[PDB]
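Some notes on the structure that comes next.
Chains as they are written, first to last, in the working numbering: chain B, 84 to 199; chain Y, 2 to 115; chain P, 84 to 199; chain X, 2 to 115.
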């Protein structure tokens, strides 16, 4: 898969399960248009968001819905969500893994980009 | 100073100097509208963005212009910018820090009571 | 495997390949004794360090040799290595994944602990 | 102040207060020996560990006693402590920061010239 999202919970030391993820792409009029969405699995991973055909060059935003995640665990966190905004596929198709490590008042995000 | 932003560079072990930072507030039509902006100083900090009177409860976004910072250094980065989106709550000082690398960033909020 | 180490390079956006990892365990005289070692693969992962039988309760240190990694890429980094020190298996056997995200003047480390 | 240590708590969004910090230097027999120590202040910082005269080039270790910090808050942590090992080089001020969570930490070094 050309786009995978992995989310981990730094309070529990576990995958962050059932985290909602929304992906948008910038349109020709420079607005964000819905591109794909899903929820992380028991492994903290979200696969199957898109295909190589559909994932053309563009500016993408991966929105990870961290506030809803934390609230369900009894934590009122600082952020509304974690946002990851990047140009994709501007040098040809790549595979992207976006990882996010979550705490209530912090997060870290890292991308691994590979050429298939 | 109810809101301060600090940006650090994890490639060079330094403050991230002259980084543009833009703050937005959510308007009634649920759109983002410009609220304040500036560039980080030689210590990587940006003070004086807003005042207590102006910084009312609401949802804000801080957008740190990391791509241009890395381009100026000749380093290829992943992200267009870093985004920190949060609600201000009167329930008193917010420090938003961001630690920047070319393909990763970490952001932390310190919320303290004067 | 009960102990796995994963290392990523935040400058390149890639797995950190051929990173040396040394694991130690505290001995009865409170000194660090060699426990296992290896190098990360092309995926940034190091498997096969130990077995469930050998990985008894104890205090362990995973030493990730980050300075040698960076120097080979032309970077003189800040740290000598990244150290991860933890009690393991004190509530019965667990599986541990230790991840480290590396930059020249920073690193992040996260553990995922699961019960098999 | 050639060496400062700052510790932050990512669960509460605050400085990490009253955290014990121990600094070691490598001795000639390649063993670690105590060099300096203290506890972080209400701002999460620890100043005054050493002096310019004393902080000569060499390999140092900073060990932040995170387990006891989390135990006092009633939170189960992963690590015994956080360790930052580095060489001091005369090639001038070191700030070591650590952002703490129960199963993760991030550490950053800012090296600046006065």
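Cβ atoms here follow ideal geometry from the backbone N, Cα and C, with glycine treated the same way.
TODO: Thinking residue 171 of chain P and residue 125 of chain P are a contact (beta carbons under 8 angstroms), I'd like their distance in whole angstroms, please.
DONE: Position 88 of the third chain holds residue 171 of chain P. Position 42 of the third chain holds residue 125 of chain P. Contact between residue 171 of chain P and residue 125 of chain P does not hold, since their C-beta atoms are separated by about 27 angstroms, which reaches or exceeds 8 angstroms.
- [ ] Within its chain, find whatever has a CB closer than 6 angstroms to the CB of residue 196 of chain B; leave out the 5 residues flanking it on each side and keep chain order.
- [x] In the first chain, the residue the question calls residue 196 of chain B occupies position 113. Hits under 6 angstroms: 177 and 179.
Open item on the list: Just to confirm before moving on: does the CB-CB distance between residue 46 of chain Y and residue 3 of chain Y stay below 7 angstroms?
Closed with: Mapped onto the second chain, residue 46 of chain Y falls at position 45. Mapped onto the second chain, residue 3 of chain Y falls at position 2. Here residue 46 of chain Y is not near residue 3 of chain Y, since their CB atoms are 7 angstroms or more apart.
- [ ] Let me know the secondary structure DSSP gives residue 69 of chain Y once reduced to three states.
- [x] On the second chain, position 68 is the one that residue 69 of chain Y refers to. Residue 69 of chain Y falls in the helix class under three-state DSSP.
- [ ] List the residues of chain P that residue 94 of chain Y touches, going by C-beta distances under 8 angstroms, in chain order.
- [x] Locating residue 94 of chain Y in the second chain gives position 93, counting from the first residue. Within chain P, no C-beta atom comes less than 8 angstroms from the C-beta of residue 94 of chain Y; the nearest is roughly 25 angstroms away.
- [ ] State the Cα-Cα distance for the pair residue 157 of chain P and residue 114 of chain Y, rounded to the nearest angstrom.
- [x] Numbered from 1 along the third chain, position 74 holds the residue referred to as residue 157 of chain P. Numbered from 1 along the second chain, position 113 holds the residue referred to as residue 114 of chain Y. If you take the alpha carbons of residue 157 of chain P and residue 114 of chain Y, they lie about 44 angstroms apart.
- [ ] Please say whether residue 120 of chain P and residue 11 of chain Y have beta carbons closer to each other than 7 angstroms?
- [x] For the purposes of this step, residue 11 of chain Y is taken as residue 10 along the second chain, with counting starting at 1. For the purposes of this step, residue 120 of chain P is taken as residue 37 along the third chain, with counting starting at 1. 7 angstroms or more divides the Cβ of residue 11 of chain Y from the Cβ of residue 120 of chain P.
Open item on the list: In chain order, what are the residue ranges of uninterrupted beta strand (DSSP E) at least 3 long that sit wholly in the region 52-110 of chain Y?
Closed with: Listed in chain order, the beta strand (DSSP E) runs fully inside the region 52-110 of chain Y are 59-65, 80-89 and 94-101, counting runs of at least 3 residues.
TODO: Alpha carbon to alpha carbon, how far is residue 30 of chain X from residue 183 of chain B? Give it in angstroms, no decimals.
DONE: For the purposes of this step, residue 183 of chain B is taken as residue 100 along the first chain, with counting starting at 1. For the purposes of this step, residue 30 of chain X is taken as residue 29 along the fourth chain, with counting starting at 1. C-alpha separation (whole angstroms): 42 angstroms.
TODO: Could you spell out the range, first to last residue, of the beta strand (DSSP E) harbouring residue 86 of chain B?
DONE: The residue you call residue 86 of chain B lines up with position 3 of the first chain. First-last of the beta strand (DSSP E) with residue 86 of chain B: 86-92.
Open item on the list: So residue 100 of chain Y contacts chain P; which residues on that side make the cut at Cβ distance below 8 angstroms?
Closed with: Residue 100 of chain Y sits at position 99 when you count from the first residue of the second chain. Those within 8 angstroms of residue 100 of chain Y in chain P are 189.
Task: Distance, residue 82 of chain X Cα to residue 151 of chain B Cα - done: Translated into positions along the first chain, residue 151 of chain B becomes position 68. Translated into positions along the fourth chain, residue 82 of chain X becomes position 81. Residue 151 of chain B and residue 82 of chain X have their C-alpha atoms some 31 angstroms from each other.
Open item on the list: Taking CB distances under 7 angstroms as the criterion, tell me whether residue 96 of chain P reaches chain C.
Closed with: In the structure shown, chain C cannot be found, because the protein chains are B, Y, P and X.
Task: Cβ-Cβ separation, residue 22 of chain X to residue 41 of chain X (assumed contact under 8 angstroms), whole Å - done: The count along the fourth chain starts at 1 and reaches residue 41 of chain X at position 40. The count along the fourth chain starts at 1 and reaches residue 22 of chain X at position 21. Taking C-beta atoms under 8 angstroms as the contact rule, residue 41 of chain X and residue 22 of chain X qualify, at a distance of about 7 angstroms.
Task: Inter-residue spacing [alpha-carbon to alpha-carbon] between residue 116 of chain P and residue 181 of chain B - done: Looking up residue 116 of chain P in the third chain gives position 33. Looking up residue 181 of chain B in the first chain gives position 98. Rounded to whole angstroms, residue 116 of chain P and residue 181 of chain B show a C-alpha spacing of 37 angstroms.
- [ ] Could you say which of X:20, X:60 and X:56 lies nearest to residue 32 of chain X if we only look at CA atoms?
- [x] The count along the fourth chain starts at 1 and reaches residue 32 of chain X at position 31. For the residues X:20, X:60 and X:56, the minimum Cα distance to residue 32 of chain X belongs to X:60.
Open item on the list: Could you check whether the Cβ of residue 93 of chain B sits closer than 7 angstroms to any Cβ belonging to chain X?
Closed with: As a position in the first chain, residue 93 of chain B is number 10, starting the count at 1. Taking 7 angstroms as the threshold, the shortest C-beta distance from residue 93 of chain B to chain X falls below it.
TODO: Measure the CB-CB distance between residue 79 of chain X and residue 155 of chain P and report whether it falls below 7 angstroms.
DONE: Working through the fourth chain from its first residue, we reach residue 79 of chain X at position 78. Working through the third chain from its first residue, we reach residue 155 of chain P at position 72. For residue 79 of chain X and residue 155 of chain P, no; Cβs fall outside 7 angstroms.
TODO: Compute the Euclidean distance between the alpha carbons of residue 144 of chain P and residue 101 of chain P, then round it to the nearest angstrom.
DONE: If you number the third chain from 1, residue 144 of chain P lands on position 61. If you number the third chain from 1, residue 101 of chain P lands on position 18. If I take the Cα positions, the gap works out to 19 angstroms.
- [ ] Buried or exposed for residue 110 of chain P, please, with buried defined as at least 16 other CB atoms from any protein chain shown within 10 angstroms of its CB.
- [x] Position 27 of the third chain, counted from the start, is the residue given in the question as residue 110 of chain P. Burial is judged here by how many other beta carbons sit within 10 angstroms of a residue's own beta carbon; residue 110 of chain P has fewer than 16 and is exposed.
Task: Interfacial residues, the region 147-176 of chain P to chain X, with Cβ spacing under 8 angstroms - done: Per Cβ criterion, the list reads 161, 162, 163, 164, 166, 167, 168, 169 and 170.
TODO: Taking only beta-carbon positions, decide if residue 109 of chain Y is within less than 7 angstroms of chain B.
DONE: Taking the second chain and counting its residues from 1, the one referred to as residue 109 of chain Y is at position 108. The beta-carbon of residue 109 of chain Y is placed less than 7 angstroms from the nearest beta-carbon of chain B.
TODO: Determine, using beta carbons only, whether residue 86 of chain X and residue 108 of chain X come nearer to each other than 7 angstroms.
DONE: Locating residue 86 of chain X in the fourth chain gives position 85, counting from the first residue. Locating residue 108 of chain X in the fourth chain gives position 107, counting from the first residue. The answer is no: Cβ separation not under 7 angstroms.
Task: Own chain, CB closer than 8 angstroms to residue 148 of chain P, minus 5 neighbours either side, in chain order - done: Sequence index remark: in the third chain, residue 148 of chain P carries index 65 (1-based). Same-chain partners within the cutoff: 102, 103, 104, 105 and 164.
Task: CA-to-CA distance, residue 25 of chain X to residue 56 of chain X, given in whole angstroms - done: By one-based count along the fourth chain, residue 56 of chain X stands at place 55. By one-based count along the fourth chain, residue 25 of chain X stands at place 24. Residue 56 of chain X and residue 25 of chain X: Cα-Cα distance of roughly 11 angstroms.
- [ ] Please report how far the alpha carbon of residue 49 of chain X lies from the alpha carbon of residue 7 of chain Y, in whole angstroms.
- [x] Position 48 of the fourth chain, counted from the first residue, corresponds to residue 49 of chain X. Position 6 of the second chain, counted from the first residue, corresponds to residue 7 of chain Y. Their Cα atoms are separated by approximately 23 angstroms.
TODO: Tell me whether residue 113 of chain Y sits in a helix, a strand or coil according to DSSP, three-state version.
DONE: For the purposes of this step, residue 113 of chain Y is identified with residue 112 of the second chain, where counting begins at 1. DSSP places residue 113 of chain Y in strand when its eight states are reduced to three.
- [ ] Identify, in the order they occur along the chain, each residue of the same chain with its Cβ nearer than 7 angstroms to the Cβ of residue 99 of chain B, setting aside the five sequence neighbours on each side.
- [x] In the first chain, the residue the question calls residue 99 of chain B occupies position 16. Beyond the five residues adjoining it in sequence on each side, residue 99 of chain B comes within less than 7 angstroms, by CB distance, of 90, 91, 92, 123, 127, 152 and 185 in the same chain, given in chain order.
- [ ] For the beta strand (DSSP E) containing residue 121 of chain B, list its first residue and its last residue.
- [x] Along the first chain, read from residue 1 onward, the residue named residue 121 of chain B stands at position 38. Boundaries of the beta strand (DSSP E) harbouring residue 121 of chain B: 115-122, taken from the DSSP string.
Open item on the list: Run through chain Y and tell me which residues come within less than 8 angstroms of residue 139 of chain B, C-beta to C-beta.
Closed with: The residue given as residue 139 of chain B occupies position 56 in the first chain. The contact set of residue 139 of chain B on chain Y, defined by CB atoms closer than 8 angstroms, is empty, because the minimum CB distance reaches about 17 angstroms.
Open item on the list: By the DSSP assignment, the beta strand (DSSP E) with residue 26 of chain X in it spans what residues?
Closed with: On the fourth chain, residue 26 of chain X is found 25 positions in, with the first residue counted as 1. Note, residue 26 of chain X: beta strand (DSSP E), 21-27.
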